[PDB]
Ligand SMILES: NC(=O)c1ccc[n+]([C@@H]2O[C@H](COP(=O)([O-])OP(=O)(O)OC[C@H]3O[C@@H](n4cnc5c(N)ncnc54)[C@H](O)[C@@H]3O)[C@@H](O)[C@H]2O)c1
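Before any questions on binding or motion, here is one chain by itself as structure tokens, the form deposited without nicotinamide-adenine-dinucleotide.
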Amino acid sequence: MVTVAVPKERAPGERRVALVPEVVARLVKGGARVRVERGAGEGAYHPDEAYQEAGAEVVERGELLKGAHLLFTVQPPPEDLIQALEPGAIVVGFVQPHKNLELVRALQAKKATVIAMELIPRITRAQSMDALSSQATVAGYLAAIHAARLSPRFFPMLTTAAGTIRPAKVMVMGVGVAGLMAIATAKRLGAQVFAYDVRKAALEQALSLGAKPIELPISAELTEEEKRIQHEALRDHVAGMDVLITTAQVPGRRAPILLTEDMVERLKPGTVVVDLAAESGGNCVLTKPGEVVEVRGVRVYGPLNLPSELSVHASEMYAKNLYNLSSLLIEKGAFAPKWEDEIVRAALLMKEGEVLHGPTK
């Protein structure tokens, strides 16, 4: 019987847990032993007794990794955990070396095997394992809820004896997984929703949700005069918005600027911007990550760690992702890694201490 260890997350403001009690039960039922650090689930509103009822050994941190073949985490494991990894153990979780370089060197110094959840490939067989996607959906939902929280206007159209109020104009810029959920959530709320993306397919997905595609003069590589035309057109469309939600990120780079000062300049007092790219510097020139700022009556919010806000469902989805990935790591309750499976091969950052990923090395 294989044993899987789950730690309490320690990164500043992290509230998720890698496995929730309902997933623990299914693992235990299949044959695995599960060890869960005391209080691991408290950020996600899962008390120790729920893990205990599920069949987990709830244990002190320091006893967590004893006899563990698998360590499931959300963020990369801190040095204290790494130093307790038994040889041949596999660490599964987000690793993000760009934000976690010291921990990567430490892991490789200690010679583990690690599967980086952000490396799970985007093939149809791996959809159920896509943690990037499940946490994006969470972020996109919350971006819309925060936009409604921050706006001094109603999202929906409203008619009372006092008169008629128009719905809010919301533009989602960057229509990936998070952007699509932001569209759906704003649309639900009754906003007039507009979608900006350079990908025609992303715009198609947006139309199916009832968003209006923004169609710029150069139809979805631009010369530096075609950019003036594009930019002006986009500036004109953005000017009319009450809410902007921006989601465009590029892995290990500065987030692209989508909202320049000449665009912010034209926003009316009371307009809100929710910049989901705050972690890599933000899509808006005014964003201060972790903060709300207000300039000329435009409020610009740069959320960090949005999935921790939705700690119950962000954890459930992530747990389900790991549980589905676990089919390739566990057979009939036994440690049985499918080293030749394309999903495992793609997401494997190291095997017995040797790095296999290029950009990280």
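Note that residue numbering follows the sequence shown and begins at 1.
If you look for the form deposited with nicotinamide-adenine-dinucleotide bound, you will not find it shown, but the lines that follow are about it.
Contact annotation for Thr185: none of its heavy atoms lies within 4.5 Å of nicotinamide-adenine-dinucleotide in the deposited bound form. When contacts are judged by a 4.5 Å heavy atom cut-off, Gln230 counts as touching nicotinamide-adenine-dinucleotide in the deposited bound form.
Mapping the unseen interface onto this chain, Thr271 falls outside it, with no heavy atom inside 4.5 Å of nicotinamide-adenine-dinucleotide in the deposited bound form. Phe155 falls outside the set of residues with a heavy atom inside 4.5 Å of nicotinamide-adenine-dinucleotide in the deposited bound form. Residue in contact with nicotinamide-adenine-dinucleotide in the deposited bound form (any heavy atom within 4.5 Å), chosen from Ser151, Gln249, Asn100, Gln108: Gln249.
Proximity to nicotinamide-adenine-dinucleotide in the deposited bound form, defined as a heavy atom within 4.5 Å, singles out one entry of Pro78, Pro256, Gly240, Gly88, which is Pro256.
Only one segment in the set 241 to 249, 140 to 148, 80 to 88, 207 to 215 has any non-hydrogen atom within 4.5 angstroms of nicotinamide-adenine-dinucleotide in the deposited bound form, and it is 241 to 249. By the 4.5 Å heavy atom rule, the three marked residues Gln127, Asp197 and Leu222 all count as contacting nicotinamide-adenine-dinucleotide in the deposited bound form. Residues are counted as partner-facing when one of their heavy atoms sits within 4.5 Å of nicotinamide-adenine-dinucleotide in the deposited bound form; in 128 to 159 only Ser133 qualifies.
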